[PDB]
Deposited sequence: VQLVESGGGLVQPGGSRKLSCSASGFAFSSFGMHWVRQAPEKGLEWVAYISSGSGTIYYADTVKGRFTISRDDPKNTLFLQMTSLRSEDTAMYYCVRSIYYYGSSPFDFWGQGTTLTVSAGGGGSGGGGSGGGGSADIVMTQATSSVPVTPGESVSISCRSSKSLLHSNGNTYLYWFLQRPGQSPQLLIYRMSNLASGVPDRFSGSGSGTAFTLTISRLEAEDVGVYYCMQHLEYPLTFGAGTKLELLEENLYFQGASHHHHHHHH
């Protein structure tokens, strides 16, 4: 399980850039893949997604048409063709895999990311952005959504992610209740259809980072503003 993305340097405005995401270590054909950007000194937002078998493709409203996605099953490579790049498009693009069955863990693994430098949506609100807390105690991270994420099937599709300084986002909790594989039991999640909270029992030195909210009830996937946990 390893994702390496290469092909991002500097591009003049209005130019064209092709991004490549190399996959090696898992069944690429059975995994739906997403492209996630992250503007410098800013949060991360969804860009594009292509399902397994290239059946359904969804783009964010701000990148529709300008960006086209394409996966290549035979050699496990994910492409993101860029047309008419804008000055606001400079961001670190991440390659995220996601498999969808009953009880799966979407957005489990995130790619290293490539830096790019150009010369009706459920908005998730994280009012608190910086919580200076010391190791040992408990810190609660809150989230809120305009639309109730609780669905008739009984699942509240809200995900959480940890972004260590100078690293890639790591999935902590999926569906607001289930802990991701490898995540310590210290992390816990609860809440209601609208109000969401993230609680950590014991905090260690490796918990320092930015926590981002996530919504999956509707195609436009929206992240939170983030909640930095300073040491």
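For this chain, the deposited residues without C-alpha positions form the stretches 120 to 135, 248 to 266, given in sequence order.
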